[PDB]
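Novice: Just passing along the structure, written as C-alpha cells.
Values quoted throughout were computed directly from the atomic coordinates according to the rules given, and no laboratory measurement underlies them. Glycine also receives a Cβ, built like all others from the backbone with ideal geometry; neighbour counts cover every protein chain displayed.
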2 protein chains.
Amino acid sequence: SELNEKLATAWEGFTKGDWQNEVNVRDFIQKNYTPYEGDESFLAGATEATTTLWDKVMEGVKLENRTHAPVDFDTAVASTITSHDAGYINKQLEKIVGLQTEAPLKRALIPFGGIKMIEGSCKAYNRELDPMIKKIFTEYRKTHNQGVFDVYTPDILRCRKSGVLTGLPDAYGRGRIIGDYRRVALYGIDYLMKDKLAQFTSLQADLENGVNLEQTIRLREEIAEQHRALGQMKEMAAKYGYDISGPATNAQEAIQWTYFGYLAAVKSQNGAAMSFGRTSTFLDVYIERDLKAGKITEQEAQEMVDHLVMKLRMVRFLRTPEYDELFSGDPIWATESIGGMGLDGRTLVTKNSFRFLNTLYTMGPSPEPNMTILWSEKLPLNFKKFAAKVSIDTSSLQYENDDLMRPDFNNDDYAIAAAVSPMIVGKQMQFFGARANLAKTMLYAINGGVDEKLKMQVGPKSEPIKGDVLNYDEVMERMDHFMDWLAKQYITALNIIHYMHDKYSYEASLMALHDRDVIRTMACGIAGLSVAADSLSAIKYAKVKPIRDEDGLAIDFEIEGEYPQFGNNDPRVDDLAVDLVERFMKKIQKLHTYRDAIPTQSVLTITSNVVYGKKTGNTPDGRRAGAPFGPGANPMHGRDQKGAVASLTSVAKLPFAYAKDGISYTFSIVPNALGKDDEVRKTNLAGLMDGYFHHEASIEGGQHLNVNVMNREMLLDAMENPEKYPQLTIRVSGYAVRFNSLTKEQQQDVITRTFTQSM
Amino acid sequence: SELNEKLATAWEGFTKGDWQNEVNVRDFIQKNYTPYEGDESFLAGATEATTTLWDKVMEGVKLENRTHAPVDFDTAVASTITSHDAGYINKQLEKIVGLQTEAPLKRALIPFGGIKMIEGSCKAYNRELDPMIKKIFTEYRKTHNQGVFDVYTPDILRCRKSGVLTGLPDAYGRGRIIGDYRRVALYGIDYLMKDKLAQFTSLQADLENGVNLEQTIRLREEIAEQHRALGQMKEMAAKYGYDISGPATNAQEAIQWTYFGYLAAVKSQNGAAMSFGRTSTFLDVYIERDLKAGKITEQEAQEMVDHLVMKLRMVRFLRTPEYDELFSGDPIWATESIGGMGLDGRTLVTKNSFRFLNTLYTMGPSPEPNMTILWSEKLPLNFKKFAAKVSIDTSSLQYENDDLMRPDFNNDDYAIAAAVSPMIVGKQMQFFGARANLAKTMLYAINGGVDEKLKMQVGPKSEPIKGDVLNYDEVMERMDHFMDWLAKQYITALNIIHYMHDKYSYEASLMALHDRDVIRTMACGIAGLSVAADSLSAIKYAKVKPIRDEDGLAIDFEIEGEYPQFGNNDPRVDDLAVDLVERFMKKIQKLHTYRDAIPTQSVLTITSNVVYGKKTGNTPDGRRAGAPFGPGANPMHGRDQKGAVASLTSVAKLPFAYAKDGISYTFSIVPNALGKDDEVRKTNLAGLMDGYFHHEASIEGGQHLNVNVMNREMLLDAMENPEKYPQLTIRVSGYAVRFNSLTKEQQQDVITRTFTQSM
Ligand code: NA
Ligand code: NA
C-alpha cells in the first residue's frame, strides 16, 4: 500500500500511475500535464516585488561586468551543502528563496576540486586566501586537481602546453550532470532516502558473492554518500525555515522544492555546466492545479516563476582568468529544456513554457538560465511564433531538434545538459571532456609532429611532408595517422580525469537524484572543424604551397586559386567536414574507457575557438596565425556568403549519428533579412528553423541552433558605450552572455563573425 | 660506467654485485656480511650516556604502567611525516635521534584512519579534541573508519556485536607492512626517488593502451604518493640536522638512515604492528667496516645499537580502551628478525645479532623491539646457547622456524611481520584480518545460528540440534555449514576493509620502500582452536548433555566421562585441531578477494582470546562462559599436562601448509624443569627447540615459539608488588609486554595459563 496519509494530501487531484509506487517523474508528467496550444495573450507582467528585487541585483551585475571580477567571494569557508547560513536579496519580498552563500552574487570556495585554482583566483582578484583552508586542501584532503597531475603523462603535459589538448576538466568541476531536481518536489526527501536505502541494500548479494567486487564496493559507498547528501538537503532547506521531508503540496512548494534540490548541487559542486533540466512542464502540473482551485492568480504564478528564474540568474562560481578565456562571459549553463513533443504525439508545451520565456520580458534579457526550445515541426504554431518573437526581441534563446533526439532516445523526458548534450533525466550523465584541437593536428601531420609555434616535438616523431606544393591524398593520410595519436592521448587524459573526479569530487547531491545505475558517456569534443575542412578543401581544389623556414617547418601557406569553403552548401567541402566528424568518431570508439563510458563526440568549442586559435599558427585554408577558430561547428568568420538557407544546410549535413554529444551552430541574422515587419520575421524565422530541423528517414537534419537577430553596428555601439546596454544578451557558442561581460579580445571575435545579410 | 661519486665514496671497500646497479638489499648483504660463529665474550656493556637516557625514559614508562594511560598526546595536531619538530630525550647524549612527536612518549593523532577513535581516546584519557581537527576529519577528509562503516552489511555488524567477528581493522591501522628501511641507508633517498620515477614511467604504456585501466591508474597514483613521501623523509631528517639524500657513509649513518625510514612510517601510520624487519645483520656490514678501519670501538658500536633499540622501545600510538583489550600491554610489534641461515648454507648470524640481544642486558628486559630468532638446527651452537641464555634471563624473545620458512620462500631475506607473519622484505605485504571466533561458530551450529548469549539470529536461520545427547557426525555437519558462512562474512568484511584502507590511508612512506609490484595475502585469523578441538573430542569420546532453556537453546553442557584434550600428544584430539585448520583454509581459499590478495590463515589471537572468551558462553569441552580462550594455538589453560615435549609435539602437528600467516604458541616453563644450573638449562632449552623446529620431508615441524622461563609465584608477587618489577617482561601471544602494563583481568589470564613443570 504505497500511499501515506500525507502523500495522499499532497497528491490530491492527481491522476494515478506507476509514479505513485516508484520514482518515475516521467510517468507523473505523462499522467498529469495539460497540453497547451493557445497563444501568449494570457501572460501577466512583473509585480513590484519582482522589479524591486531584480533592479537591486542588476546593480551587482553592472559591477561584475565593469570590473570583470566577482562582487565578492569567500576566502576562509569551505563550501558544502550546509556550510552557509540563509542569504537573501530582501526576505520580505522573495517568493522562492535560496542563495549559494549568505549574500547575493558572493562566490564560494569549492576546494575539493583543487586548491591551486582558488589561490589563482584570490591573487587575480586581490583577496587573501585563509592559510588554514590552504593547508587542509594540500596536506589533509587530496583534491581532484592534484590527483590528476600526479598521474598525467609528460605527453599529455606537452599537448596541454602546445595547445593541441588544452582546457580539459583537470582544474574545474567536470559538470555535465543533471540531478532530477523534480524528484524533491514530487516525492519529498524522506521518500527518496528510503528509495536510496533500498538501492544500497540491493547490492549486498553481489558484494557477499564477490561479483564485480570493486565496482560493487564503489557503488555502495557512492549510494551511501548520496543518502547522506539527501539528509543534508533537508538541513540546508531548514536554514530557510522549510521542511522538505515530505512532498510539495502546492505550486509554490513545487518550485521551491525543485530549486532546493538544485541549490544543494550549486553549493557543493562547481561544474562548468550546472544545468537545471526539463522542469517547466513538470511545474505546470502544480501551477494548473492551484489556478483551477483558485488558490493562485496568473500574475502570482508568473511571480513565482520570475523568482525561480531570478535565482538561476544569480548562480555564480569563482573562476580563474585562465578559465575565463576558455569559458567566456561568466557562464553557468543553467539549461532549461522547454516544450518538445511526447512519444504519444501530444505536445509537451504548456502554459509554463510561455511563462519561462516571458521572464525575458518581465525581467528583461538575460544569459542565464540558458533556455532551450525543444523544436519539432509538429509544435503548435502559436508557440513556434512566440519563441521566434522572443529570439527577435532578445537573442536569448537556443533551439535543438526534438524530432531528432526524441526518436533517437525513444524517450520524451530527456534534457539538454550544458550547451547541446542530451541525457535522459535521472538515468544518464556524461563524463565531460572539453575539446581537442583538430586544426593543430593537421599542422602536426604536415610538420612531422613538431609544433609550429613552439618548434618542439609534441606529436609522434615523423617525417614532415615534402614538396613545394601540398597534395590532398598525402596530407589526409598523414592527418589520419595523427588523429589516431590525438584520440589515444585524449581518451587517456579523460580516463585519468574521471577516475580522479569520481574519487575526489563525486557529485553526491546530484547523483542522489538519479537511479541506482546511470548511463555514462565519454564526451570528446572537436575544435576547429571548419578550419580543418577548408584547409583540406584548399589543398584538394586549389594549389597550396608551404613556406618553410631554415629547419623545414611549414610556417605559412601560399594559396593559388579559390576553393569551396564550409557553409556555402557546396558538397565538395561539406563532404570533407562530414568525413572528419566520422573519422575521429570511429577512432575514439575503439579505445578502452574508465567505467566503460561509451565514447561520444561533439563539434563544440565554447571559447576554445579563441584560445586554440591564439595558439595555432598559419593554416592551409588561409587563416592567419593567432586568429580565432569558428565557434563550434560554424564556418570560419565571414566565409559563409550564400545566405541563411545555404549555411544552415551545410551545418545540418554534419552527422549527429557520429556526434551524439551535440553539434553547435551560432547563427546571427540581421532584422531586415527576416522581413519588413515583426509578423513576417516571426513567420520566416520559424520557417527557417522548420527547414533546418526537418527530420526524415533520408534526411537527418540539424541538431542545434543559436539565434541572434541583430545588426553589427549595434554591437559596435555597445563596445563604445557599455552603460547603454546593461542587459544586452547574445548567443555565442551554445549559451548566452551579456555583451558587456566579455573581454575586448572576446568581443573582437564576436563582431568579426558572420552576420547573415539574406536568406 | 662511471658510478656516481657519492655512491663510490660511501661504498668504499664493499664487494661489487648487482646491488650497485639496482635496488637489491639482499645481494648487498650476501656479498658483504661477515658470518660469525664465535660466542658473546666480545660484548661490551652500556655507556653512561645510554644508562642516563634509558633511566630517564623509564620514569615515563613507570607512569604509563601506573596510570594505564599515555604520558601525553596531541590534541590539535594532525600527524604526518613532517608535522612535528625535532624532539629529544637529551640532544647532547643521543647517538641516534628521532621521535614521533616533539617529546619522549608523547603520542600523536593519526586522523586519516578515523576521527571517532581519537574522540574515544580523548574522552577516556581526560583531554579535549581540538574542534578544527574534528571538523576536518568528519566533513572534508573522509577516513578509513567512515568508509568501511558506510559499506558494511547489517550481517557483519551483527557478527561484530555478538563476538563472532570482532576487532577487525576497521578502527585502527591495518599494519602488517614492512618497508625496507635498509634501502635508505644503502642507497640514500635521491637514488630511491629516481628509481620510483622509473617505476612510475614504466606504467605509461599500459595506461595509454587501456590495459587493466583502473589498476594502472591506481598504481600510478600510489607510486606518485610514494615518490612524494620519499621527499618528505628528507625534510623530516633535515629537521634533525641530517641530509639523507645520499647513502650512509659509516655505521652511525647506516643505523640513523635506516631508523629515519622507520620513523617516517610511525609518524604517518598507526598500524597494529609496525615491524622493523631483518636489519641486524645488514647493519653489521657497516659496523664491521668501521671496526676494521679503527674508526669505531666495540663499546661505541654497542652504544649506537643501544640508542637505536632504545628508540624502538619508545614507539607509541594513541589507542582506545576497546583496542587495549584486543591488543593488550601497549604493544607495537617492532619486530626484528635475527640470525637465520642463508640459502648457500652459511649462517646469517653476525656479531650484531649478539649486540641486539645484548640490549636486554645493557638496558634491561623490554617488550619492544620484538626480537625474533630465526631458528635452524644448523645455527652455531654458540648462538643457540646465548639465545637460550637470554630467554632464561629475560623471557623477552620468540623463536620461529627458519628451517621451514626459508625453503618455503626459497629466500633468505624474509622478515617476520607482527607476531608470526613472514614476508620477503620489500617484495611482500599482508592485508591484516585480525581473527574470527571459531568456538562461537561451533555453538551456532548446535543452536541454529541463534546467539547463545544475546538470543538473536546472527548466523543463517536453521533448525537447532534436537538430540538429547550430542553426536559427532551431526554437530560436525552443521559445524562445516557454519564455517562456510563464517568464511563468507569474514572475507567480505576484509574485502571492504582493505578497499577502504587503500583508499583513505594508503601507507605511502612504507610502500615507497618496496618494489613496484608487491605480493599481497588476505590474512584470516582463527581464535579458540583448542576450545573447538577439545569440544569436538568431548562429543566423540564422552557423553555431552545439552542444558537447554525455555526456547530450546543450549546454554550449558554436562560431561560424563573423560575425553582427550589438545596438548598431550594424543592424536585423537590433535587430529581434530589439524582437521579444523585444514577445513577453514580450504573454505576461504575459494572466495574472491580485493586486489586478488591470496587468502592465508593464522592460528593467532593476541588478546582476542580474552575478548572472544568473555563473549562466548559455555562450550562442549567444559570451558565455562566468559572464560578466556587459549592464546593463539595454545592448548586451553592447564590442559596440557604431559610435559614440554608432549605439548610442543601437539602444536608442531598443526599444518603451517594450511596456515601460512603463522601459528602462535606461548610456552612457559619453570627454571628447574630445564635443569639444576644455567649451563644445563641453556643446553636443554636449545635441545627442546631443536626438536620442536626439527624439519624433515616427512615432518613439517613447529613454526613459532614464545619462551617464558619463570615461576607462577614470581608473577603473583609482581601482581601484589608492581614497583618491585619495573622492567619484568613476558611473552603473551606472539609478542612481549611488561607485566605491569596489563590490566588485572589480563594478568588473571596470564597466571592461570599452563606453567610446564617438566619436559
Ligand atoms: Na545533421
Ligand atoms: Na607446523
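Novice: If we hang a label 7 Å off Cα along the beta carbon direction at B:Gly45, how far is it from the matching labels on the other copies, in nm, shortest first?
Specialist: The projected label point of B:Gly45 is separated from its counterparts by 10.7 nm.
Novice: Let me ask something additional. Grab the Cα-Cα distance for A:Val518 and A:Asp556, subtract it from 0.36 nm times how many residues apart they are, and report the gain in nm with one decimal.
Specialist: Stretched out fully, the A:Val518 to A:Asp556 stretch lengthens by 8.9 nm.
Novice: Distance between Cα centroids, segment B:741-759 to segment A:289-363: provide it in whole Å.
Specialist: Comparing the Cα centres of segment B:741-759 and segment A:289-363, I get a distance of 76 Å.
Novice: Rounded to whole Å and sorted largest first, what semi-axes of the equivalent ellipsoid does the C-alpha gyration tensor of chain B yield via the square root of 5 times each eigenvalue?
Specialist: Three semi-axes, in Å: 41, 31, 25.
Novice: Using a basic spin-label model with each label point 7 Å from the Cα along Cα→Cβ, how many nm lie between A:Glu322 and B:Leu7?
Specialist: Reported label-point gap for A:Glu322 and B:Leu7 is 3.6 nm.
Novice: Can you work out which chain B residue has the shortest Cβ-to-axis distance for the rotation that carries B onto A, and give it in Å?
Specialist: Smallest Cβ distance to the axis, with its residue: B:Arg141, 2.
Novice: Sticking with this structure for a sec: Between helix B:48-67 and chain B, what is the angle of the helix's C-alpha long axis to the longest principal axis, kept within 0 to 90° and rounded to the nearest 10?
Specialist: Between the helix axis and the principal axis of chain B, the angle is about 30 degrees.
Novice: At A:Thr297 and B:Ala44, where each label point lies 7 Å from the Cα along Cα→Cβ, what is the point-to-point distance in nanometres?
Specialist: Between A:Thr297 and B:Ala44, the label points sit 10.1 nm apart.
Novice: Just want to confirm a number: the relative contact order over segment A:422-483, from Cα pairs under 8 angstrom separated by 6+ residues, in percent.
Specialist: Relative CO of segment A:422-483 lands at 32 percent.
Novice: Once the piece of chain linking B:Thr249 and B:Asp344 is laid out straight, how much longer is it, given 0.36 nm per residue of separation minus the C-alpha distance between them?
Specialist: Extra length available between B:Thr249 and B:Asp344 comes to 31.4 nm.
Novice: Neighbour counts of other C-beta atoms within 10 Å: give me A:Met442, A:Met363, A:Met714 arranged from fewest to most.
Specialist: A:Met714, A:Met363, A:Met442
Novice: Using the Cα centre of the protein assembly as shown as origin and beta-carbon charges of +1 (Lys, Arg) and -1 (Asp, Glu), tell me which of B:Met483, B:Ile730, B:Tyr665 is placed farthest towards the positive end of the dipole.
Specialist: B:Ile730
Novice: What ranking, highest mean first, results for peptides B:191-197, B:608-614 when packing means the other Cβ atoms within 10 Å averaged over each residue?
Specialist: Peptide ranking by packing, descending: B:608-614, B:191-197.
Novice: Is segment A:426-528 rounded, prolate or oblate when judged by the Cα gyration tensor, a ≥ b ≥ c being the square roots of its eigenvalues, rounded requiring a/c under 1.5 and prolate requiring a/b larger than b/c?
Specialist: Because a/c hits 1.5 or more and a/b exceeds b/c, segment A:426-528 counts as prolate.
Novice: Moving to a separate point now. Can you sort B:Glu208, B:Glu474 so the residue with the fewest Cβ neighbours within 10 Å comes first?
Specialist: With the fewest neighbours first, B:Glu208, B:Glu474 line up as B:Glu474, B:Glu208.
Novice: Taking a label point 7 Å from Cα toward Cβ, how far is A:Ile559 from its twins in the other copies, in nm, shortest first?
Specialist: Once sorted, the set of distances for A:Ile559 reads 9.9 nm.
Novice: Which order, highest average first, do B:67-77, A:458-468 follow once you tally other Cβ atoms within 10 Å for each residue and take the mean per peptide?
Specialist: Ranking the peptides B:67-77, A:458-468 by packing returns B:67-77, A:458-468.
Novice: Mind pulling the angle between the C-alpha long axis of helix B:381-394 and the longest principal axis of chain B? Nearest 10 degrees, somewhere in 0 to 90.
Specialist: Tilt relative to chain B: about 70 degrees.
Novice: Can you compute 3J(HN,Hα) from phi for each residue in segment B:617-629, using the Karplus curve 6.51 cos²θ - 1.76 cosθ + 1.60 with θ = phi - 60°, rounded to whole Hz and x for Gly and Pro?
Specialist: My calculation for segment B:617-629 gives x, 4, 10, x, 6, x, 4, 7, 4, x, 6, x, 7 Hz in order.
Novice: So, one more: Quick one: order B:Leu93, A:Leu186 by neighbouring beta-carbon count within 10 Å, fewest to most.
Specialist: So the ranking, lowest neighbour count to highest, is B:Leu93, A:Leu186.
Novice: Another question, then. What are the nm distances, shortest first, from B:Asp517 to its equivalents in the other copies, labels at 7 Å along Cα→Cβ?
Specialist: 3.3
Novice: May I pose another question? In peptide B:292-305, what is the residue-averaged number of other protein chain Cβ atoms found within 10 Å of each Cβ?
Specialist: 0
Novice: Shielding by partners for B:199-205, please: the mean number of other protein chain Cβ atoms within 10 Å of each residue's Cβ.
Specialist: 2
Novice: Place the peptides A:213-224, B:695-706, B:42-53 in order of packing, highest mean first, counting for every residue the other Cβ atoms within 10 Å and averaging per peptide.
Specialist: Packing order, densest peptide first, comes out as A:213-224, B:695-706, B:42-53.
Novice: Right, something else. About the Cα centre, and with charges only on the beta carbon of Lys, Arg (+1) and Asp, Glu (-1), how big is the dipole of chain B? Nearest 20 debye, please.
Specialist: The calculated dipole for chain B is roughly 1060 debye.
Novice: Could you tell me how far the Cα centroid of segment B:453-499 sits from the Cα centroid of segment B:189-216, in Å?
Specialist: Comparing the Cα centres of segment B:189-216 and segment B:453-499, I get a distance of 44 Å.
Novice: Apply 1/(1 + (r/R0)^6) to the Cβ-Cβ distance of B:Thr15 and B:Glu37, taking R0 = 22 Å, and write down the FRET efficiency to the nearest 0.05.
Specialist: Computed FRET efficiency for B:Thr15 and B:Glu37: 0.65.
Novice: Considering the dipole of the protein assembly as shown built from charges on the beta carbon (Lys and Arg +1, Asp and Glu -1) around the Cα centre, which of A:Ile133, B:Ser509, A:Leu553 is farthest to its positive end?
Specialist: It is A:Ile133.
Novice: Another question about this same structure. Grab the beta carbon distance between B:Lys134 and B:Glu745, set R0 = 35 Å, and tell me the FRET efficiency rounded to 0.05.
Specialist: 0.65
Novice: Using a simple charge model, +1 on the beta-carbon of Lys and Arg, -1 on the beta-carbon of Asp and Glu, nothing else, what dipole does the protein assembly as shown show about its Cα centre, in debye to the nearest 20?
Specialist: It works out to roughly 1060 debye.
Novice: Shielding by partners for B:224-233, please: the mean number of other protein chain Cβ atoms within 10 Å of each residue's Cβ.
Specialist: Mean partner-chain Cβ count within 10 Å for B:224-233: 1.
Novice: I've got another one for you. So if I take the centroid of the Cα atoms in segment A:546-609 and the same for segment B:520-538, what is the distance between those two points in Å?
Specialist: Going from one Cα centre to the other spans 68 Å.
Novice: Could I have the simple spin-label model distance between A:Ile547 and B:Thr201, label points 7 Å from Cα toward Cβ, reported in nm to one decimal?
Specialist: Placing both labels 7 Å beyond Cα along the Cβ direction yields 4.0 nm.
Novice: Rounded if a/c is under 1.5, else prolate if a/b beats b/c, else oblate: with a ≥ b ≥ c from the C-alpha gyration tensor eigenvalues square-rooted, which is the protein assembly as shown?
Specialist: Since a/c reaches 1.5 and a/b is larger than b/c, the shape of the protein assembly as shown is classed as prolate.
Novice: Using only helices, what value at 222 nm comes out for chain B when you add -39,500 (n - 2.57) per DSSP H run of length 4 or more and divide by the total residues, to the nearest 500 deg cm²/dmol?
Specialist: Mean residue ellipticity at 222 nm (helix-derived): -13500 deg cm²/dmol.
Novice: Over chain B, what is the relative contact order in percent, taking alpha-carbon pairs closer than 8 angstrom and at least six residues apart?
Specialist: 15
Novice: If you don't mind, there's one more thing I want to ask. What is the angle, in °, between the Cα long axis of helix A:472-504 and the longest principal axis of the Cα atoms in chain A? Nearest 10 is fine, range 0 to 90.
Specialist: Its long axis makes an angle of about 30 degrees.
Novice: Go ahead and run the numbers for FRET between B:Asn382 and B:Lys503, Cβ-Cβ distance against an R0 of 51 Å, rounding to 0.05.
Specialist: That gives a FRET efficiency of 0.55.
Novice: Would you please classify the overall shape of segment A:569-634 from the alpha carbon gyration tensor, given that a ≥ b ≥ c denote the square roots of the eigenvalues, rounded means a/c under 1.5, and beyond that prolate means a/b larger than b/c while oblate covers the rest?
Specialist: It is oblate, given that a/c is not under 1.5 and a/b is not larger than b/c.
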